[PDB]
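Which chain is which? They are A, B, C, D, E, F and G, in the order written, and residues in each are numbered from 1.
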């Protein structure tokens, strides 16, 4: 005998994200063996932790994988990244590229700095993270009141700075979709001037990369506003 | 691992539902 | 070990250049009675279970690749040459049997050429289109002259038209898929074959069906220098393997 | 390497035999008679000569019939010195034939795939049949089936305004209504014969040996008759297929 | 009570290759017994290993089950088969006939040669397989650098030559569908001239057959471009 | 939650022979008890074994449940039944009546003869079965070469003659649907003349009945070409 | 053996779903 069934109102409907499979039309087909392969990965999240380059704008407004410093203490900040995946200087980092395909995030962002000036050059920088509430810092002195770390030049070329995940909510939206615009700023300042000897290039370049820190996660897979490369 | 969340998820045999994974060596 | 003899009742074949006996479908007619017939079968007739040796054809330099001759069974042995076997066969509705055959043909170390000797089930033996009925002619008779191959083996229609193809098509390029042996002038003067009983039914209404066919076809043309013996025949020793007869009656007049 | 074809066969090698190499074989099943033929294929189509309310009658139209023969082999209204007799049920033909001047379409119906590729002398199986609607109008159709050798019973309507084809104890199907458009089903190997000829039957079909040579009797899976408002594409599928005694496949034209 | 069901978007759809069965309308029907039968087989693959004839073209361009050789060493090759199921000299072999119903292959091809010249005739041939990359060989000398075997005439009439399965990919397409055209060539050359005595036919014929080797397999059942026998 | 379902192409379709049941609308209804009944049967096949009358045609062409013999040896046969369910002299026997509703048969047919001439009458008959292949017999002598039995009159009134099931195929079609027309003939001949004394009716009548033998079976239920009783 | 890959593959009894195989002898 036939089984009686109640046909639900939503029939014939197709679901782009339906949690189930469909009909197989070419069964028993072996998948060409690829056991020789290396370089395989399972989690988009890992791509996120690979540090990639921040795009720093020039007066004539064109980008560099870095920023410059010299024998002076600029009254204002050297560079300033806005902790915000949507944010533009990151527009082209793997971190942001992955993040734009997800609705929310949580955890630490890691900012990586690499000193490429001459071995004979020295100096110290003050990297800081400022949470919202009192507006963005306008002076090293103010910045120094928030989360910060001093970066000393020397034998070791680089420095990993962590922008802590300090927030009201367990998660944060990944995109500038309407306007609360940000989650604070990362600002870089000179503590002491780049110092050096005669015969040395007076202007040193510091490579600036960014990446997802250890704590970090993304969720809710979505589509970004469509775009066209330049 | 993928985007599939159905319990009674068999009906069609495995080998029909999916390409068969096999290692050359 | 290339020297061999085979006996059957009061008959015996013999060869000094054999290359073994190819047994089709890897098995032989055991003489079982047909589950489709109620009457106890007539079988094991020594007088009928032997080699009937006859003439097949004259091989000449003229014949080309894939030219051939078709020999239908049991039909070719249903008449006089079939002795007691043919005589018993003619008086029964049904017959079920296998075949054991030896095809003979000798030349010399100075002759060149080769034959494809084989056996096929349900192989077309029709000679020509019967003017009027739209049917074949002499299906059950053995070819008395070499048959030319079809450049495009599409078979034979009877509707007097051409186009596409007929179900009686036989593609020679693949003839070696049938149980067979090759008779190569430089290697051997004989071939030995054997086939089981196969058919659309448990036993056969032979009177109207040639279920098996013995085919001899040329592969590489016969060749010989002037002075070399020019006359070359092809003969054959055919033997019914465990023939089993059912439905005894007044005699079918093959005649 | 070295051998002797004469004896009826030869060593079937792989690279490792003659050279410093080896067997590169991988597991694989898709080449099996059963699995391979176990897929659907069109052999012809059905066109209704009449309503769902009338008495059925053999009818041809531009090579289309209101009835068809279930066999892979070629079929059509019986041929005659004077042309195919279209007032009758299709039967097995001995060759394929163009509908007209150019090669296509074909006058005959058949499983072209199976013909171009049947590497065997005899076969058997069950047959799964599918009848799909070619049109888009709310359908009203009746389908009658019968085993090889059975009476066509192509008689008159007993009950007025109803389909004569439906008037039988034989397996018949009734399809009607919006969205209801395809008929599917499976029939048993129903032949009196033990096995079927894949291509040719080297004998006469009548005891008088005067008729239809090459065609075995009842060598089919029965037939279909249709009636109603809808034409349909008809496909067959070889179920639990078995083949015997290997033989040559249809010839392929050598490049000019 | 009735079971509630969600009706999938793909309803009423018919699948030519659907992995399932349909409704039975004439049940309990016994299948006419055929236990008497012999000659049965299950795998199309076997048909593939049965050696069948290669179609060799003549000047007036008509085919032969073989090729000819004589008391000479033709500067060029005697015959040359292109290892490629689609390939034409095989157009009519069981191997190719089966292969055209499948999308891909793997493994060895076996080329079978049978000498039908007179017993009194002798000589040697050089059969070779050349993989792609450096173009097809134009001289015995070049061919000799690839995979090869010497075939010596004598008591034993024939020779089985194996074209090895040497390839980048685990599988190879069975058909010339677009253009990489081939997987190398099989070339036959005279090593030494056919030699013999007076009174012997000077031109010997060598039967040429081809078949799938032991390693060999086919997969993915498909339909060939439809054709019409001449 | 609802169960997702794939709706097959063949929906809404009705099957005259569908192997399944349908919806019950008047349940729990007791079936009027009939335990008192006798004469019940389960297999149509049994009806087949009950011998019923063969319709023998007269010159003016009208039928009799029998045939006649006398003090002579008719050079030709007395009666001749064509072993073929479709066959007409059986048109009206239970055997044929059942058989026409089935596509194929197998096994023995039993022909029953009953002598109703006077007790004082004697004689012998030769009943025979001739298989096809050599055409139907035209003389007692020929018939005698096929399957036969001698029937001797005497105390015992009747005789059961079995037409053996001798055939190429495991089964046989039950109907003259197209044309191989038959499966041989059953012919009845006088061996010796009916002999008797003065004062006795010179022409004796032999009742002729037919039925399915023991071995016998039918299969594949179908519909006969519809008919109308005279 | 054939082109069938469905687990719940019974519903209709075997003997109904397929011709019944039987050996004459």
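We adopt the following convention: a residue touches a chain if its C-beta (ideal position, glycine included) is under 8 Å from a C-beta of that chain, and two chains touch if they have at least 3 such contacts.
Participant: Which chains, if any, touch subunit A and subunit G both?
Facilitator: A chain counts here if it touches both subunit A and subunit G, which gives B, D, E, F.
Participant: In terms of CA centres, which chain lies closest to the overall middle?
Facilitator: D
Participant: For the interface formed by A-E, which of the candidate pairs A-F or E-F is equivalent, sharing more than half of the contact pairs by residue number?
Facilitator: That would be E-F, since it shares over half of the contact pairs of A-E.
Participant: When the C-alpha atoms of subunit D and subunit E are each averaged to a single point, how far apart are the two points in Å?
Facilitator: Centre separation, subunit D to subunit E: 30 Å.
Participant: Taking each chain's centre as its mean C-alpha position, how far apart are subunit C and subunit D in Å?
Facilitator: Their C-alpha centroids are separated by 31 Å.
Participant: How many angstrom lie between the CA centroids of subunit E and subunit F, rounded to a whole number?
Facilitator: Here the centre of subunit F sits 58 Å away from the centre of subunit E.
Participant: Using mean CA coordinates as chain centres, what's the subunit B-subunit E distance in Å?
Facilitator: Whole-Å distance between the two chain centres: 35.
Participant: Two or more other chains in contact with one residue: find those residues in subunit A.
Facilitator: Where subunit A meets two or more other chains at a single residue, that happens at 5, 8, 20, 23-24, 27-30, 33.
Participant: Residues touching two or more other chains, restricted to subunit C: which are they?
Facilitator: 25, 32, 35-36, 121, 152-154, 164-165, 169, 171-175, 177, 182, 184, 187, 198, 201-202, 205, 207
Participant: Hey, what residues on subunit G touch two or more of the other chains?
Facilitator: 1, 3-6, 12-13, 16-19, 24-25, in rising order.
Participant: Across the complex, what residues on subunit B touch subunit A?
Facilitator: Its residues touching subunit A are 1, 3-6, 9, 12-13, 15-25.
Participant: Please output the residues of subunit E touching subunit G within their complex, sorted ascending.
Facilitator: Touch list, subunit E to subunit G: 17, 19-21, 23-24, 27-31, 33-36, 42.
Participant: Would you tell me which residues of subunit G are touching subunit C in their complex?
Facilitator: Those in contact with subunit C are residues 24-25.
Participant: Contact residues on subunit F for subunit G in the complex?
Facilitator: Going by the criterion above, the answer is residues 19-20, 170.
Participant: Residue numbers of subunit F touching subunit D in their complex, please.
Facilitator: Answer in residue numbers: 8-17, 101, 103-104, 132-133, 169-173, 175, 177, 179-182, 220-226.
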